[PDB]
$ cat my_file_4.cif   # mmCIF, C-alpha atoms
data_work
#
loop_
_atom_site.label_atom_id
_atom_site.label_comp_id
_atom_site.auth_asym_id
_atom_site.auth_seq_id
_atom_site.Cartn_x
_atom_site.Cartn_y
_atom_site.Cartn_z
CA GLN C 1 132.97 137.79 127.49
CA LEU C 2 129.71 136.71 125.79
CA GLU C 3 130.06 135.39 122.22
CA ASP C 4 126.70 133.63 122.45
CA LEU C 5 124.70 136.91 122.59
CA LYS C 6 123.76 136.52 118.89
CA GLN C 7 125.45 133.08 118.63
CA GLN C 8 122.71 131.11 120.34
CA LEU C 9 120.74 131.14 117.09
CA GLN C 10 123.41 128.69 115.88
CA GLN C 11 121.49 126.25 118.06
CA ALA C 12 118.01 127.72 117.68
CA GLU C 13 117.98 127.33 113.91
CA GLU C 14 119.69 123.84 114.17
CA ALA C 15 116.63 122.58 116.07
CA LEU C 16 114.12 124.92 114.42
CA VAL C 17 114.19 122.71 111.34
CA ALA C 18 115.24 119.48 112.87
CA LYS C 19 111.55 120.11 113.97
CA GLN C 20 110.00 120.79 110.66
CA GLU C 21 111.70 117.45 110.03
CA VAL C 22 109.42 115.78 112.52
CA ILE C 23 106.48 117.72 111.23
CA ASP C 24 106.97 116.34 107.74
CA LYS C 25 107.88 112.85 108.89
CA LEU C 26 104.86 112.86 111.16
CA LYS C 27 102.67 114.43 108.47
CA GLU C 28 103.36 111.51 106.11
CA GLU C 29 102.87 109.02 108.88
CA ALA C 30 99.51 110.75 109.24
CA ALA C 31 98.99 110.07 105.57
CA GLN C 32 99.19 106.31 105.92
CA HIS C 33 97.47 106.42 109.34
CA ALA C 34 94.37 107.96 107.77
CA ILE C 35 94.44 105.48 104.87
CA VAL C 36 94.04 102.58 107.29
CA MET C 37 91.51 104.65 109.09
CA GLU C 38 89.57 104.41 105.84
CA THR C 39 89.37 100.66 106.41
CA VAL C 40 87.17 100.70 109.50
CA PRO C 41 84.02 102.52 108.35
CA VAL C 42 83.73 100.10 105.47
CA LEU C 43 84.54 97.04 107.59
CA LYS C 44 81.85 98.27 109.94
CA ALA C 45 79.63 98.80 106.90
CA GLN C 46 80.25 95.31 105.58
CA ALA C 47 79.53 93.66 108.93
CA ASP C 48 76.24 95.42 109.41
CA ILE C 49 75.04 94.91 105.85
CA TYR C 50 76.16 91.33 105.68
CA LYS C 51 74.37 90.65 108.95
CA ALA C 52 71.20 92.17 107.66
CA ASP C 53 71.61 90.33 104.42
CA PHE C 54 72.19 87.08 106.29
CA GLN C 55 69.03 87.58 108.25
CA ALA C 56 67.05 88.24 105.13
CA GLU C 57 68.43 85.03 103.66
CA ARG C 58 67.46 83.10 106.78
CA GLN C 59 63.97 84.60 106.66
CA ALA C 60 63.54 83.82 102.96
CA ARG C 61 64.84 80.29 103.53
CA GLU C 62 62.39 79.91 106.45
CA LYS C 63 59.53 81.19 104.31
CA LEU C 64 60.59 78.57 101.78
CA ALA C 65 61.06 75.91 104.41
CA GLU C 66 57.47 76.01 105.64
CA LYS C 67 56.22 75.43 102.08
CA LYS C 68 58.59 72.48 101.65
CA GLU C 69 56.98 70.47 104.45
CA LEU C 70 53.49 71.91 104.15
CA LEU C 71 53.57 70.70 100.54
CA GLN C 72 55.07 67.43 101.73
CA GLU C 73 52.31 66.94 104.28
CA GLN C 74 50.03 66.72 101.28
CA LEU C 75 51.99 63.97 99.53
CA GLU C 76 51.51 61.75 102.57
CA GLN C 77 47.70 61.95 102.57
CA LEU C 78 47.11 61.99 98.81
CA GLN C 79 49.58 59.10 98.36
CA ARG C 80 47.83 57.09 101.08
CA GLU C 81 44.69 57.35 98.89
CA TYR C 82 46.68 56.24 95.86
CA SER C 83 47.16 53.11 98.09
CA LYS C 84 43.58 51.83 97.67
CA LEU C 85 44.29 52.09 93.91
CA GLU A 1 122.29 146.93 115.70
CA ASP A 2 122.35 143.73 117.80
CA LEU A 3 118.76 144.42 118.88
CA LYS A 4 117.59 140.84 118.46
CA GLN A 5 114.29 142.12 117.20
CA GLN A 6 114.09 138.73 115.41
CA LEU A 7 115.14 136.02 117.85
CA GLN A 8 111.67 136.81 119.23
CA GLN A 9 110.59 135.26 115.89
CA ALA A 10 113.28 132.53 115.73
CA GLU A 11 111.33 131.11 118.72
CA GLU A 12 107.77 132.20 118.07
CA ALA A 13 108.16 129.67 115.26
CA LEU A 14 110.18 127.11 117.18
CA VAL A 15 107.40 127.11 119.77
CA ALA A 16 104.67 126.91 117.15
CA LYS A 17 106.51 124.03 115.66
CA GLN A 18 106.80 121.81 118.66
CA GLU A 19 103.24 122.88 119.27
CA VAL A 20 102.30 121.26 116.00
CA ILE A 21 104.61 118.36 116.72
CA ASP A 22 102.43 117.72 119.78
CA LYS A 23 99.05 118.14 118.13
CA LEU A 24 100.33 115.54 115.75
CA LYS A 25 101.31 113.16 118.55
CA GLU A 26 97.84 113.33 120.03
CA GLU A 27 96.30 112.94 116.63
CA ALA A 28 98.69 110.01 115.94
CA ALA A 29 97.49 108.68 119.32
CA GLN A 30 93.76 108.50 118.69
CA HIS A 31 94.57 106.92 115.38
CA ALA A 32 96.80 104.26 116.90
CA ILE A 33 93.94 103.21 119.25
CA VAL A 34 91.20 103.05 116.64
CA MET A 35 93.65 101.06 114.55
CA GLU A 36 92.95 98.33 117.17
CA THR A 37 89.23 98.34 116.20
CA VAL A 38 90.18 96.51 112.95
CA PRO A 39 90.78 92.81 113.71
CA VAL A 40 87.42 92.92 115.46
CA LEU A 41 85.64 94.85 112.67
CA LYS A 42 87.24 92.51 110.11
CA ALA A 43 86.30 89.46 112.15
CA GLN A 44 82.65 90.43 112.14
CA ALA A 45 82.60 91.39 108.44
CA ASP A 46 84.50 88.26 107.48
CA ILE A 47 81.89 86.15 109.29
CA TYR A 48 78.74 87.99 108.40
CA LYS A 49 79.72 87.74 104.73
CA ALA A 50 80.76 84.06 105.03
CA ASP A 51 77.51 83.13 106.76
CA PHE A 52 75.46 85.30 104.49
CA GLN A 53 76.89 83.48 101.49
CA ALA A 54 76.11 80.19 103.25
CA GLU A 55 72.44 81.13 103.73
CA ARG A 56 72.17 82.00 100.07
CA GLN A 57 73.48 78.51 99.49
CA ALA A 58 70.80 76.77 101.58
CA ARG A 59 68.05 79.08 100.37
CA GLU A 60 69.02 78.38 96.74
CA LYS A 61 69.54 74.68 97.55
CA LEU A 62 66.16 74.59 99.32
CA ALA A 63 64.41 76.34 96.40
CA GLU A 64 65.60 73.51 94.16
CA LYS A 65 64.24 70.69 96.32
CA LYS A 66 60.92 72.55 96.71
CA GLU A 67 60.44 72.65 92.93
CA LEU A 68 61.08 68.96 92.53
CA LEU A 69 58.44 68.57 95.23
CA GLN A 70 55.72 70.20 93.12
CA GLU A 71 56.96 68.06 90.28
CA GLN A 72 56.02 65.07 92.40
CA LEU A 73 52.69 66.44 93.63
CA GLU A 74 51.69 67.42 90.09
CA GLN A 75 52.62 64.27 88.21
CA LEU A 76 50.84 62.47 91.08
CA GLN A 77 47.67 64.61 90.74
CA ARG A 78 47.49 63.65 87.07
CA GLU A 79 48.11 60.03 88.18
CA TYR A 80 45.68 59.72 91.11
CA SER A 81 42.76 61.23 89.13
CA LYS A 82 43.62 59.13 86.07
CA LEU A 83 42.10 56.35 88.23
CA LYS A 84 39.62 57.36 90.99
#

$ encode --input "my_file_4.cif" --output "structure tokens"
Amino acid sequence: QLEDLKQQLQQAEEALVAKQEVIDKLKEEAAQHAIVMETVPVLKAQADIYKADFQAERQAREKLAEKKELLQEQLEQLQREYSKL
Amino acid sequence: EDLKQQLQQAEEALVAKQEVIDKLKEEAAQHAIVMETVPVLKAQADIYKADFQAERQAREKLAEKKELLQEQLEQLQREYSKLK
């Protein structure tokens, strides 16, 4: 006749929570997905700070490097005069 | 008494729940793509930190040579004017 009038819940509830399955499975996948998502803003942060820091170190080296040969241009002309002893 | 006045709820939740299953899949999507951003972001970090450490090396290393260089220009200024 029709025994699935109020017997088709026997399939509705059998999927109804084989779907909160996926919601909980997914939800914990989401947990670890957002943990690795925590990686990138820092990795971005490290790149852009270490580039700036590298540039500052170049600059400061440069600033030092001029003095190294400026000061060594003086040892060539003072030492030439310590040649006629 | 068979008035399924509650299968209309045994599906208003089923629907909500595959609704949420899908919101998750699109959320899981945008994650899975940005997860690709990482070998690149690591590669740049890895390098900007390696090179930055290297410049500190040469800056340090250069600062040392420079201070031996004033040690030669000084001990020479006491030595050239000890004569004159």

$ closest_atom_pairs --input "my_file_4.cif" --of "chain A" --to "chain C" --cutoff "8 Å" --atoms "only C-alpha atoms" --output "CSV"
residue,atom,partner,partner_atom,distance
A:2,CA,C:6,CA,7.4
A:4,CA,C:6,CA,7.5
A:7,CA,C:9,CA,7.5
A:10,CA,C:12,CA,7.0
A:11,CA,C:12,CA,7.6
A:13,CA,C:16,CA,7.7
A:14,CA,C:16,CA,5.3
A:17,CA,C:19,CA,6.6
A:18,CA,C:19,CA,6.9
A:20,CA,C:23,CA,7.3
A:21,CA,C:23,CA,5.8
A:24,CA,C:26,CA,7.0
A:28,CA,C:30,CA,6.8
A:31,CA,C:33,CA,6.7
A:32,CA,C:33,CA,7.9
A:34,CA,C:37,CA,7.7
A:35,CA,C:37,CA,6.9
A:37,CA,C:40,CA,7.4
A:38,CA,C:40,CA,6.2
A:41,CA,C:43,CA,5.6
A:42,CA,C:43,CA,5.8
A:44,CA,C:47,CA,5.5
A:45,CA,C:47,CA,3.8
A:46,CA,C:47,CA,7.5
A:47,CA,C:47,CA,7.9
A:48,CA,C:50,CA,5.0
A:49,CA,C:50,CA,5.1
A:51,CA,C:54,CA,6.6
A:52,CA,C:54,CA,4.1
A:53,CA,C:54,CA,7.6
A:55,CA,C:57,CA,5.6
A:56,CA,C:57,CA,6.0
A:58,CA,C:61,CA,7.2
A:59,CA,C:61,CA,4.7
A:62,CA,C:61,CA,7.2
A:63,CA,C:64,CA,7.0
A:65,CA,C:68,CA,8.0
A:66,CA,C:68,CA,5.5
A:69,CA,C:72,CA,7.4
A:70,CA,C:71,CA,7.7
A:73,CA,C:75,CA,6.4
A:80,CA,C:82,CA,6.0
A:83,CA,C:85,CA,7.4
A:84,CA,C:85,CA,7.6

$ atom_distance --input "my_file_4.cif" --atom1 "CA of residue 3 in chain A" --atom2 "CA of residue 1 in chain C"
17.9 Å

$ atom_distance --input "my_file_4.cif" --atom1 "CA of residue 10 in chain C" --atom2 "CA of residue 25 in chain A"
27.1 Å

$ atom_distance --input "my_file_4.cif" --atom1 "CA of residue 14 in chain C" --atom2 "CA of residue 1 in chain A"
23.3 Å
